[PDB]
Amino acid sequence: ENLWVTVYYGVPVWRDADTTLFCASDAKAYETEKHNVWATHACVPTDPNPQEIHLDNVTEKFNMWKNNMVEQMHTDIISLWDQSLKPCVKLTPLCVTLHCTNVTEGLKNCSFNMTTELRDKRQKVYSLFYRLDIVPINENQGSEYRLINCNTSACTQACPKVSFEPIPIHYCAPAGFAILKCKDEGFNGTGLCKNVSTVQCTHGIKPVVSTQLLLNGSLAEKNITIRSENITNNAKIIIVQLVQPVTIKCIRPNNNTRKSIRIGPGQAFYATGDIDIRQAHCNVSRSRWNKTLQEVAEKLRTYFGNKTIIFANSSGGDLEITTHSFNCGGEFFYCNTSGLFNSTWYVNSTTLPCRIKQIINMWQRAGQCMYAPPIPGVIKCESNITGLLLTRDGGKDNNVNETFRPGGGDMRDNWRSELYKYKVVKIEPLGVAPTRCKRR
Amino acid sequence: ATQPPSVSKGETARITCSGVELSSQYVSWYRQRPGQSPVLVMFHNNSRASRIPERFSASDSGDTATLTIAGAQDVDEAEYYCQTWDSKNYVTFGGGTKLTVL
Amino acid sequence: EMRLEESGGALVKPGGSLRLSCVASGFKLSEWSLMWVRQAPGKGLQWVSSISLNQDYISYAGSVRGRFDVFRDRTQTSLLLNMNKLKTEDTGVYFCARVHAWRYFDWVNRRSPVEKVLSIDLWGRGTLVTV
Amino acid sequence: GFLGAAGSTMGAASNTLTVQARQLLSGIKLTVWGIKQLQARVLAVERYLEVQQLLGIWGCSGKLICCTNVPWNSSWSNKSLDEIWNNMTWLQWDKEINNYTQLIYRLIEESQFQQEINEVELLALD
Amino acid sequence: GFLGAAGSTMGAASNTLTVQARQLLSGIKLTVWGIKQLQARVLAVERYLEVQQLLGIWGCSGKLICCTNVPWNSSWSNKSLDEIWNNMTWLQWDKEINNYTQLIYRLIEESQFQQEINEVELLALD
Ligand SMILES: *[C@@H]1O[C@H](CO)[C@@H](O[C@@H]2O[C@H](CO)[C@@H](O[C@@H]3O[C@H](CO[C@H]4O[C@H](CO)[C@@H](O)[C@H](O)[C@@H]4O)[C@@H](O)[C@H](O)[C@@H]3O)[C@H](O)[C@H]2NC(C)=O)[C@H](O)[C@H]1NC(C)=O
Ligand SMILES: *[C@@H]1O[C@H](CO)[C@@H](O[C@@H]2O[C@H](CO)[C@@H](O[C@@H]3O[C@H](CO)[C@@H](O)[C@H](O)[C@@H]3O)[C@H](O)[C@H]2NC(C)=O)[C@H](O)[C@H]1NC(C)=O
Ligand SMILES: *[C@@H]1O[C@H](CO)[C@@H](O[C@@H]2O[C@H](CO)[C@@H](O[C@@H]3O[C@H](CO)[C@@H](O)[C@H](O)[C@@H]3O)[C@H](O)[C@H]2NC(C)=O)[C@H](O)[C@H]1NC(C)=O
Ligand SMILES: *[C@@H]1O[C@H](CO)[C@@H](O[C@@H]2O[C@H](CO)[C@@H](O[C@@H]3O[C@H](CO)[C@@H](O)[C@H](O)[C@@H]3O)[C@H](O)[C@H]2NC(C)=O)[C@H](O)[C@H]1NC(C)=O
Ligand SMILES: *[C@@H]1O[C@H](CO)[C@@H](O[C@@H]2O[C@H](CO)[C@@H](O[C@@H]3O[C@H](CO)[C@@H](O)[C@H](O)[C@@H]3O)[C@H](O)[C@H]2NC(C)=O)[C@H](O)[C@H]1NC(C)=O
Ligand SMILES: *[C@@H]1O[C@H](CO)[C@@H](O[C@@H]2O[C@H](CO)[C@@H](O[C@@H]3O[C@H](CO)[C@@H](O)[C@H](O)[C@@H]3O)[C@H](O)[C@H]2NC(C)=O)[C@H](O)[C@H]1NC(C)=O
Ligand SMILES: *[C@@H]1O[C@H](CO)[C@@H](O[C@@H]2O[C@H](CO)[C@@H](O[C@@H]3O[C@H](CO)[C@@H](O)[C@H](O)[C@@H]3O)[C@H](O)[C@H]2NC(C)=O)[C@H](O)[C@H]1NC(C)=O
Ligand SMILES: *[C@@H]1O[C@H](CO)[C@@H](O[C@@H]2O[C@H](CO)[C@@H](O[C@@H]3O[C@H](CO)[C@@H](O)[C@H](O)[C@@H]3O)[C@H](O)[C@H]2NC(C)=O)[C@H](O)[C@H]1NC(C)=O
Ligand SMILES: *[C@@H]1O[C@H](CO)[C@@H](O[C@@H]2O[C@H](CO)[C@@H](O)[C@H](O)[C@H]2NC(C)=O)[C@H](O)[C@H]1NC(C)=O
Ligand SMILES: *[C@@H]1O[C@H](CO)[C@@H](O)[C@H](O)[C@H]1NC(C)=O
Ligand SMILES: *[C@@H]1O[C@H](CO)[C@@H](O)[C@H](O)[C@H]1NC(C)=O
Ligand SMILES: *[C@@H]1O[C@H](CO)[C@@H](O)[C@H](O)[C@H]1NC(C)=O
Ligand SMILES: *[C@@H]1O[C@H](CO)[C@@H](O)[C@H](O)[C@H]1NC(C)=O
């Protein structure tokens, strides 16, 4: 018996990739001008059918951590935000002397001087501000506040038609690249997945938006699920994805409105027009969450052994991070997550109040502040809490009481939430084999 | 956070450091004889005194780190302090005490 | 058995400057942490500061040590304390110790999840520094 | 015929080829997603044109199941054809074979697709 | 084998071919270098694709050293095969031959690769 080099073409061989990835969605209206920050049909509507197929016997090592998609989405999405914002008003005529008054707590009632559409008249103009929009200019004086950015950053108000609303995007692999899906729920993002599949384009990944708790991202099965880079790095992020959904309906109880002023001749700014005044709040009835967490603690113990566990508040660090935070409509919430994370979990026989903000420092960048448009609505939220960005106490605190706090430790990790199932890969069609032959 | 500022011969020393409230991994204490350096006695139960053989321990009241020196009839040796670092990038000490014997 | 050791000092000027560095023995110095104290005269003990293992894992104590500086260098002996604008508050015996830890230092800080363990191992002789 | 299917043993896997070949080439003012599409298409096209370029110098871009008499070097895996087509499998096969392949992806471009007209010299010229 | 090598006489130059073929294809928000790379890769891809199209209609994309029975027109340089392959050299060859080349770069697409199934008609149809 003897042998030659032969090549079969297109045989399935693949490896991890720095490859770029492009959006798809259903067509929301087909027109390029459809109001949206993620995919206003500037993303091409590639086939909304995931024409996926089974990887029968194909065992693959996944890697959720050296994945390319996290950095890619993280860079991409920030760029989407910028190229939705550049078309709308920069707010260089907005850092100014602010006068404020105190009213029924932490929603200040305010007025200031500014240009109009004419570059002459100091128009006196009026707006509400949630207190965390501002700082004192130099001293504790009623006329003397500035917008919280101006200290180090410029701001940009999106047209109220850039809707932050999370329409799904599907990342497609371009041809000669592919997406492998771990086709099991009983799985974590490092080592083998035994059951698997492939698709050209991800099943909808929420563009999500979360800060501390996973919103809108789907559930698991078999058990509650935990994912982390290395669980022995107590500081680095731990993701929980629940086997059960939970739903939160946060509300601005205040009948607050789009007033509008022309801060220059093409520059429509949305001032916050008022109606009693109460703090933003949410309903999530304790006992569903409580016994959900009781089982989360068990999946955590499946690593740690038999510890009584606590979930406790985020604390000390920047409120932009240390509250749980998300959009509803076009305004941003910042909730004292303590009311849902101040809780204790034995081994044996075992609702949030919130603040609104208008200015945000999204993705923790320098510069490029966003002042959110005050929405015309008694704004409401209708959304699923579905998972937890836990951080485990860095205090190794030997073997009695080990514990966690929720964190916003990376918005990359807010994406990892759903990304974990997808391994983006190159296909190499280079099928060398022994056979025998002679040229025709 | 601190221990409070005598014994007769043949008794054994026991002092709590915290100052009405302390918890968690924020636990430590180091001995001295003046003129010599300070001296390791305990860090987290697996780093331990070279010269009190096996005769010293941690313990808690619900609010204390504790110099549980309960077998140290090597008792004339007694001046001590506590230390930790768990605050904002910040080392910390318990202000320590002697105990005379004779 | 191992001995933890530093530079000779001076009867330093008030408002003066000083340097003291590791000259310890019995082990590979091998990034193991700087650690020292203000053993203030007739008092108990107080920190040197927060401290470095490999350089860049150190901080001041509070705002308080901001007038000083701290180093490691490629030369492992330069586990060094640099002293400037010296106060009567700076004074004491600068005894030093090995550290029972080997890691970096950071996270979202203040009271939130930094793991990176710190700890004092065996201890050795130091110089009484006063104005 | 499915895409992927590498756990099909290598001969049975070759009951499929060309549907995977289609997947190599098609998915089956400036703006951010538009520059991403443009870059993506070029990377797929340029990568697709590299393997067609291989199927130039390897031959066989015509006959997409390929012949040469280039030696199977006994320094590579000695696994039997019988194992290969009917029990062993593609990802697993490349993960065995890649340590040899940088030899093969050059030693393949021998005379048959690199020098053979220099031999047609003796066939057609005096 | 090297790249370039035109000063090797044309036959000995053909001891290298396929490595130069690889060099035809790979080197072996807007941002200013980013758009320039994107333009560059497209121009290279299309230019590489222009010579594959030539190797379509000339034939021989399946066999990268090429045959046709198209006339060598004696109006061209009469230089001997012996001179050409064993003393003359590719730049110095094209710089003698370019004046003819545009005729060849059309007359090369004769029936063998332009029409011949119209003649296979006689071979296979009654
Ligand atoms: C995921 O989080 C999202 C928010 O980040 C949630 O998305 C949407 O959030 C807004 C603001 O709370 C909701 O309110 C409005 O909904 C209407 C919907 O109109 C259509 O439906 C009604 C009947 O329900 C029908 O009468 C109409 O004809 C329409 O067919 C919009 O017109 C408003 O602009 C505004 O969006 C949304 O209801 C809410 N859901 C959706 C699907 O938009 C989202 O609910 C979260 N999802 C999960 C699964 O957690
Ligand atoms: C603090 O909020 C109050 C209440 O919205 C602002 O006070 C005044 O609000 C009224 C509208 O209710 C403005 O117009 C006047 O309304 C009354 C009836 O409510 C009407 O009788 C008058 O003829 C007039 O239309 C009024 O302009 C506004 N006051 C000012 C100073 O503009 C108040 O503006 C907010 N505080 C600041 C600092 O702006
Ligand atoms: C819009 O701009 C006008 C000025 O063009 C502002 O009017 C000024 O308001 C202040 C009180 O806020 C008046 O009082 C004086 O202030 C100075 C500076 O602190 C102080 O030294 C004096 O003792 C006195 O209290 C001032 O007379 C008045 N006019 C001028 C020409 O300055 C107006 O308040 C601005 N309004 C808004 C809503 O921005
Ligand atoms: C679920 O997650 C685990 C990791 O959380 C995945 O496999 C495990 O990965 C770790 C890190 O690579 C391995 O740990 C190391 O093991 C050695 C040998 O025992 C030990 O000396 C080291 O200290 C370290 O702990 C671990 O061996 C490995 N395997 C197992 C069975 O846990 C696992 O792939 C994921 N499983 C699923 C079903 O998703
Ligand atoms: C968070 O953990 C804290 C500390 O373990 C819990 O705080 C305690 O909550 C109870 C109610 O479950 C409080 O008792 C009530 O106090 C009021 C005012 O004295 C009295 O009117 C009621 O009859 C009742 O006794 C208790 O004061 C409070 N203790 C402390 C130290 O704060 C808390 O329940 C946990 N959950 C949340 C959502 O904070
Ligand atoms: C704030 O509370 C109001 C109820 O007072 C919520 O409903 C809106 O109420 C306004 C009057 O305050 C309605 O305007 C009137 O509508 C009729 C019929 O269209 C028209 O003939 C009158 O001239 C006048 O415009 C308004 O229709 C009604 N609904 C909406 C969607 O505005 C209101 O929802 C609360 N505000 C926000 C921002 O949610
Ligand atoms: C696990 O560790 C935590 C601390 O990290 C222990 O927390 C306990 O929390 C309570 C409030 O929920 C603390 O406040 C009060 O203390 C006084 C005096 O001890 C007591 O009379 C009150 O009833 C209340 O407990 C308490 O000091 C604190 N305990 C300690 C020892 O720090 C938690 O108890 C630990 N878990 C277990 C099972 O002990
Ligand atoms: C570049 O061209 C030169 C010639 O201009 C090459 O040098 C030598 O070229 C001759 C061409 O006839 C090669 O054949 C030799 O000819 C002499 C008589 O001229 C004969 O005595 C030798 O036995 C042989 O037949 C000769 O091998 C070649 N010598 C070398 C290797 O320098 C030169 O090789 C060319 N350089 C390149 C492109 O590498
Ligand atoms: C904005 O200016 C404020 C006020 O000067 C700065 O906030 C304080 O910064 C010091 C440290 O320099 C902290 O100790 C205080 O706790 C801060 N106070 C508040 C209310 O934040 C702030 O550093 C400046 N920059 C930004 C981005 O806010
Ligand atoms: C607080 O607000 C009231 C009106 O609600 C106003 O009369 C008073 O001057 C304000 N005081 C301060 C210190 O802002
Ligand atoms: C939450 O998500 C699940 C699917 O993951 C869905 O069935 C449920 O209806 C969602 N909640 C709401 C309020 O629709
Ligand atoms: C947050 O954490 C701190 C301890 O770090 C605790 O004292 C406080 O009560 C918690 N909650 C709030 C809302 O501050
Ligand atoms: C994989 O191999 C198994 C043999 O147990 C077979 O039954 C299954 O159909 C194969 N799947 C394919 C064709 O990929």
# chains A, B, ... in the order shown; residues from 1 in each chain; ligands from 1
call {"tool": "select_by_dssp", "arguments": {"residues": "segment 11-76 of chain E", "states": "helix (DSSP H, G or I)", "output": "JSON, numbers by chain"}}
result
{"E": [11, 12, 13, 18, 19, 20, 21, 22, 23, 24, 25, 32, 33, 34, 35, 36, 37, 38, 39, 40, 41, 42, 43, 44, 45, 46, 47, 48, 49, 50, 51, 52, 53, 54, 55, 56, 57]}
call {"tool": "write_last_selection", "arguments": {"atoms": "C-alpha atoms", "output": "PDB file, in the first residue's frame"}}
result
ATOM      1  CA  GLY E  11      13.083  29.241 -18.569  1.00  0.00           C
ATOM      2  CA  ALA E  12      15.232  29.300 -15.397  1.00  0.00           C
ATOM      3  CA  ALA E  13      13.004  32.192 -14.212  1.00  0.00           C
ATOM      4  CA  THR E  18       3.723  30.139  -7.890  1.00  0.00           C
ATOM      5  CA  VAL E  19       5.443  32.250  -5.187  1.00  0.00           C
ATOM      6  CA  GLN E  20       5.061  35.345  -7.406  1.00  0.00           C
ATOM      7  CA  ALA E  21       1.418  34.235  -7.918  1.00  0.00           C
ATOM      8  CA  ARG E  22       0.888  34.471  -4.098  1.00  0.00           C
ATOM      9  CA  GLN E  23       2.432  37.986  -4.245  1.00  0.00           C
ATOM     10  CA  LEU E  24      -0.280  38.962  -6.769  1.00  0.00           C
ATOM     11  CA  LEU E  25      -2.862  38.374  -3.969  1.00  0.00           C
ATOM     12  CA  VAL E  32      -7.655  57.794   7.241  1.00  0.00           C
ATOM     13  CA  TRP E  33      -5.477  54.621   6.962  1.00  0.00           C
ATOM     14  CA  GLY E  34      -8.650  52.472   7.356  1.00  0.00           C
ATOM     15  CA  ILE E  35     -10.362  53.792   4.191  1.00  0.00           C
ATOM     16  CA  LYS E  36      -6.982  53.627   2.323  1.00  0.00           C
ATOM     17  CA  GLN E  37      -6.509  49.935   3.269  1.00  0.00           C
ATOM     18  CA  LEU E  38     -10.123  49.266   2.208  1.00  0.00           C
ATOM     19  CA  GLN E  39      -9.609  50.923  -1.200  1.00  0.00           C
ATOM     20  CA  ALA E  40      -6.207  49.173  -1.541  1.00  0.00           C
ATOM     21  CA  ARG E  41      -7.559  45.655  -0.843  1.00  0.00           C
ATOM     22  CA  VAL E  42     -10.408  46.211  -3.306  1.00  0.00           C
ATOM     23  CA  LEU E  43      -8.042  47.422  -6.077  1.00  0.00           C
ATOM     24  CA  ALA E  44      -5.702  44.450  -5.480  1.00  0.00           C
ATOM     25  CA  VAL E  45      -8.678  41.993  -5.306  1.00  0.00           C
ATOM     26  CA  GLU E  46     -10.231  43.396  -8.538  1.00  0.00           C
ATOM     27  CA  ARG E  47      -6.814  43.538 -10.348  1.00  0.00           C
ATOM     28  CA  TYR E  48      -6.064  39.963  -9.155  1.00  0.00           C
ATOM     29  CA  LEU E  49      -9.623  39.066 -10.306  1.00  0.00           C
ATOM     30  CA  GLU E  50      -8.873  40.760 -13.695  1.00  0.00           C
ATOM     31  CA  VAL E  51      -5.991  38.294 -14.349  1.00  0.00           C
ATOM     32  CA  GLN E  52      -8.111  35.337 -13.149  1.00  0.00           C
ATOM     33  CA  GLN E  53     -10.665  36.505 -15.777  1.00  0.00           C
ATOM     34  CA  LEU E  54      -7.815  36.567 -18.315  1.00  0.00           C
ATOM     35  CA  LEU E  55      -6.963  33.009 -17.104  1.00  0.00           C
ATOM     36  CA  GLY E  56     -10.641  32.293 -17.765  1.00  0.00           C
ATOM     37  CA  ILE E  57     -10.965  33.459 -21.336  1.00  0.00           C
TER      38      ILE E  57
END
call {"tool": "interface_residues", "arguments": {"of": "chain E", "to": "chain A", "cutoff": "12 Å", "atoms": "only C-alpha atoms", "output": "PDB file with N, CA, C and O atoms, in the first residue's frame"}}
result
ATOM      1  N   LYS E  29     -17.104  54.664  12.307  1.00  0.00           N
ATOM      2  CA  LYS E  29     -16.422  55.870  11.832  1.00  0.00           C
ATOM      3  C   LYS E  29     -15.385  55.577  10.742  1.00  0.00           C
ATOM      4  O   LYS E  29     -14.710  54.552  10.781  1.00  0.00           O
ATOM      5  N   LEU E  30     -15.200  56.520   9.815  1.00  0.00           N
ATOM      6  CA  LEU E  30     -14.019  56.572   8.944  1.00  0.00           C
ATOM      7  C   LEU E  30     -12.758  56.762   9.787  1.00  0.00           C
ATOM      8  O   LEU E  30     -12.762  57.443  10.810  1.00  0.00           O
ATOM      9  N   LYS E  63      -4.672  25.341 -14.823  1.00  0.00           N
ATOM     10  CA  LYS E  63      -3.342  24.832 -15.188  1.00  0.00           C
ATOM     11  C   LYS E  63      -2.396  26.023 -15.407  1.00  0.00           C
ATOM     12  O   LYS E  63      -2.232  26.486 -16.525  1.00  0.00           O
TER      13      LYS E  63
END
call {"tool": "residues_near_ligand", "arguments": {"ligand": "ligand 10", "cutoff": "6 Å", "atoms": "only C-alpha atoms and all ligand atoms", "output": "short mmCIF file (atom, residue, chain, number, x, y, z; two decimals) with N, CA, C and O atoms, in the first residue's frame"}}
result
data_model
loop_
_atom_site.label_atom_id
_atom_site.label_comp_id
_atom_site.auth_asym_id
_atom_site.auth_seq_id
_atom_site.Cartn_x
_atom_site.Cartn_y
_atom_site.Cartn_z
N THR A 101 -34.58 75.88 42.92
CA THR A 101 -35.45 75.91 44.09
C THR A 101 -35.82 74.48 44.48
O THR A 101 -35.87 73.59 43.63
N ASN A 102 -36.09 74.25 45.76
CA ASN A 102 -36.35 72.93 46.36
C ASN A 102 -37.87 72.72 46.53
O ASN A 102 -38.58 73.62 46.96
N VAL A 103 -38.38 71.55 46.11
CA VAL A 103 -39.81 71.29 45.87
C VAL A 103 -40.14 69.83 46.26
O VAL A 103 -39.25 68.98 46.26
#
call {"tool": "residues_near_ligand", "arguments": {"ligand": "ligand 7", "cutoff": "12 Å", "atoms": "only C-alpha atoms and all ligand atoms", "output": "short mmCIF file (atom, residue, chain, number, x, y, z; two decimals) with N, CA, C and O atoms, in the first residue's frame"}}
result
data_model
loop_
_atom_site.label_atom_id
_atom_site.label_comp_id
_atom_site.auth_asym_id
_atom_site.auth_seq_id
_atom_site.Cartn_x
_atom_site.Cartn_y
_atom_site.Cartn_z
N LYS A 307 -21.52 27.14 52.81
CA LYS A 307 -21.53 28.48 53.44
C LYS A 307 -22.93 29.09 53.51
O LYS A 307 -23.68 29.04 52.53
N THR A 308 -23.27 29.73 54.63
CA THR A 308 -24.31 30.76 54.63
C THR A 308 -23.80 31.94 53.80
O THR A 308 -22.66 32.36 53.94
N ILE A 309 -24.66 32.45 52.92
CA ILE A 309 -24.32 33.45 51.92
C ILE A 309 -25.16 34.70 52.15
O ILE A 309 -26.31 34.63 52.57
N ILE A 310 -24.60 35.87 51.86
CA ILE A 310 -25.32 37.14 51.83
C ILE A 310 -25.15 37.79 50.46
O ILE A 310 -24.07 37.73 49.89
N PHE A 311 -26.21 38.44 49.99
CA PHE A 311 -26.14 39.50 48.98
C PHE A 311 -26.36 40.85 49.68
O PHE A 311 -27.37 41.03 50.37
N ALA A 312 -25.44 41.78 49.48
CA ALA A 312 -25.43 43.10 50.11
C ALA A 312 -25.26 44.20 49.06
O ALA A 312 -24.98 43.90 47.90
N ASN A 342 -30.00 42.90 50.23
CA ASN A 342 -29.72 43.11 51.65
C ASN A 342 -30.29 41.88 52.36
O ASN A 342 -31.34 41.94 52.99
N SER A 343 -29.71 40.72 52.09
CA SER A 343 -30.43 39.46 52.26
C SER A 343 -29.50 38.27 52.50
O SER A 343 -28.36 38.26 52.05
N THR A 344 -29.99 37.27 53.23
CA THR A 344 -29.17 36.24 53.89
C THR A 344 -29.70 34.84 53.62
O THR A 344 -30.90 34.61 53.57
N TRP A 345 -28.79 33.87 53.46
CA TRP A 345 -29.06 32.61 52.79
C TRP A 345 -28.38 31.45 53.49
O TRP A 345 -27.25 31.06 53.17
N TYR A 346 -29.05 30.88 54.47
CA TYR A 346 -28.55 29.73 55.22
C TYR A 346 -28.49 28.45 54.37
O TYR A 346 -29.01 28.38 53.26
N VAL A 347 -27.83 27.41 54.88
CA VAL A 347 -27.84 26.07 54.28
C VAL A 347 -29.03 25.24 54.78
O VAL A 347 -29.69 24.56 54.00
N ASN A 348 -29.32 25.28 56.09
CA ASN A 348 -30.28 24.37 56.73
C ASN A 348 -31.76 24.76 56.54
O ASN A 348 -32.15 25.89 56.84
N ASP A 393 -16.97 38.80 47.72
CA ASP A 393 -16.17 39.65 48.62
C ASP A 393 -14.69 39.30 48.51
O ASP A 393 -14.28 38.16 48.70
N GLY A 395 -12.40 39.94 50.47
CA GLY A 395 -12.02 39.37 51.74
C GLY A 395 -12.25 37.87 51.74
O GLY A 395 -13.39 37.42 51.78
N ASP A 397 -11.73 35.77 54.04
CA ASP A 397 -12.60 35.71 55.22
C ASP A 397 -13.04 34.29 55.60
O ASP A 397 -14.19 33.89 55.50
N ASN A 398 -12.02 33.52 55.98
CA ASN A 398 -11.96 32.07 55.87
C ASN A 398 -13.20 31.30 56.34
O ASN A 398 -13.42 31.11 57.53
N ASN A 399 -13.93 30.72 55.38
CA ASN A 399 -14.76 29.54 55.54
C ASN A 399 -15.86 29.62 56.61
O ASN A 399 -16.02 28.69 57.41
N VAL A 400 -16.64 30.69 56.62
CA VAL A 400 -17.79 30.84 57.53
C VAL A 400 -18.98 31.53 56.87
O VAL A 400 -20.12 31.16 57.13
N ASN A 401 -18.74 32.55 56.05
CA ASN A 401 -19.75 33.58 55.81
C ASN A 401 -19.65 34.26 54.43
O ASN A 401 -20.22 35.33 54.22
N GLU A 402 -18.86 33.70 53.51
CA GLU A 402 -18.49 34.32 52.23
C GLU A 402 -19.70 34.76 51.38
O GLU A 402 -20.79 34.20 51.46
N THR A 403 -19.55 35.82 50.60
CA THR A 403 -20.69 36.69 50.27
C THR A 403 -20.46 37.52 49.00
O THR A 403 -19.39 37.44 48.40
N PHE A 404 -21.46 38.28 48.53
CA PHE A 404 -21.43 39.00 47.26
C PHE A 404 -22.11 40.37 47.32
O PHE A 404 -23.02 40.61 48.12
N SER B 18 -10.98 45.50 69.05
CA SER B 18 -11.93 46.04 68.07
C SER B 18 -12.45 47.43 68.44
O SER B 18 -12.49 48.29 67.57
N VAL B 20 -15.66 48.28 70.64
CA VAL B 20 -17.12 48.02 70.57
C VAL B 20 -17.67 47.43 69.26
O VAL B 20 -18.73 46.80 69.31
N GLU B 21 -17.01 47.55 68.10
CA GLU B 21 -17.49 46.95 66.84
C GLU B 21 -16.39 46.72 65.78
O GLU B 21 -15.88 47.66 65.17
N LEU B 22 -16.04 45.46 65.51
CA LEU B 22 -15.29 45.05 64.31
C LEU B 22 -15.60 43.59 63.94
O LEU B 22 -16.05 42.81 64.78
N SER B 23 -15.37 43.19 62.69
CA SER B 23 -15.81 41.89 62.15
C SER B 23 -14.82 41.33 61.13
O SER B 23 -13.76 41.89 60.88
N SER B 24 -15.23 40.25 60.46
CA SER B 24 -14.70 39.86 59.15
C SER B 24 -13.22 39.47 59.17
O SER B 24 -12.64 39.22 60.22
N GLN B 25 -12.55 39.59 58.01
CA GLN B 25 -11.09 39.30 57.87
C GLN B 25 -10.21 40.42 58.42
O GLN B 25 -9.00 40.31 58.26
N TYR B 26 -10.77 41.44 59.06
CA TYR B 26 -9.99 42.60 59.56
C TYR B 26 -9.38 42.18 60.89
O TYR B 26 -9.54 42.94 61.86
N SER B 59 -10.38 34.33 68.20
CA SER B 59 -11.77 34.13 68.62
C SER B 59 -12.54 35.44 68.42
O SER B 59 -11.94 36.50 68.18
N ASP B 60 -13.87 35.39 68.52
CA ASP B 60 -14.75 36.56 68.37
C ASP B 60 -15.89 36.54 69.40
O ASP B 60 -16.43 35.49 69.71
N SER B 61 -16.27 37.71 69.90
CA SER B 61 -17.42 37.94 70.79
C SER B 61 -18.73 38.13 70.04
O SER B 61 -19.81 38.07 70.62
N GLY B 62 -18.62 38.40 68.75
CA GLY B 62 -19.62 38.94 67.84
C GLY B 62 -19.20 40.30 67.29
O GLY B 62 -19.88 40.87 66.45
N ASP B 63 -18.09 40.86 67.78
CA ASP B 63 -17.65 42.23 67.55
C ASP B 63 -16.13 42.40 67.74
O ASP B 63 -15.66 43.54 67.78
N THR B 64 -15.35 41.33 67.90
CA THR B 64 -13.93 41.40 68.27
C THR B 64 -13.00 40.50 67.47
O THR B 64 -13.28 39.34 67.18
N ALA B 65 -11.82 41.02 67.18
CA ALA B 65 -10.63 40.21 66.98
C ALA B 65 -10.06 39.92 68.38
O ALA B 65 -10.25 40.71 69.29
#
call {"tool": "interface_residues", "arguments": {"of": "chain C", "to": "chain A", "cutoff": "9 Å", "atoms": "only C-alpha atoms", "output": "list in words"}}
result
residues 106, 107, 108, 109, 110, 111, 112, 113, 114, 115, 116 and 117 of chain C
call {"tool": "write_last_selection", "arguments": {"atoms": "C-alpha atoms", "output": "PDB file, in the first residue's frame"}}
result
ATOM      1  CA  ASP C 106      -6.869  46.965  42.824  1.00  0.00           C
ATOM      2  CA  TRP C 107     -10.665  46.975  42.077  1.00  0.00           C
ATOM      3  CA  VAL C 108     -13.532  49.491  42.646  1.00  0.00           C
ATOM      4  CA  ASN C 109     -12.039  50.377  46.041  1.00  0.00           C
ATOM      5  CA  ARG C 110     -13.086  52.220  49.310  1.00  0.00           C
ATOM      6  CA  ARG C 111     -15.139  49.324  50.832  1.00  0.00           C
ATOM      7  CA  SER C 112     -15.803  47.238  47.642  1.00  0.00           C
ATOM      8  CA  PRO C 113     -14.203  43.940  46.264  1.00  0.00           C
ATOM      9  CA  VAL C 114     -10.378  44.239  46.221  1.00  0.00           C
ATOM     10  CA  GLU C 115      -9.176  40.666  46.934  1.00  0.00           C
ATOM     11  CA  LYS C 116      -5.471  41.299  46.904  1.00  0.00           C
ATOM     12  CA  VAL C 117      -4.290  39.977  50.307  1.00  0.00           C
TER      13      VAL C 117
END
call {"tool": "residues_near_ligand", "arguments": {"ligand": "ligand 4", "cutoff": "10 Å", "atoms": "only C-alpha atoms and all ligand atoms", "output": "VMD selection string"}}
result
chain A and resid 61 to 63 182 184 to 194 225 to 232 303
call {"tool": "residues_near_ligand", "arguments": {"ligand": "ligand 8", "cutoff": "8 Å", "atoms": "only C-alpha atoms and all ligand atoms", "output": "VMD selection string"}}
result
chain E and resid 5 to 9 13 86 to 87
call {"tool": "closest_residue", "arguments": {"among": "C:20, C:34, C:129, C:58", "to": "chain B", "atoms": "only C-alpha atoms"}}
result
C:58
call {"tool": "residues_near_ligand", "arguments": {"ligand": "ligand 9", "cutoff": "9 Å", "atoms": "only C-alpha atoms and all ligand atoms", "output": "PyMOL selection string"}}
result
chain A and resi 135-138+148-153+318+366
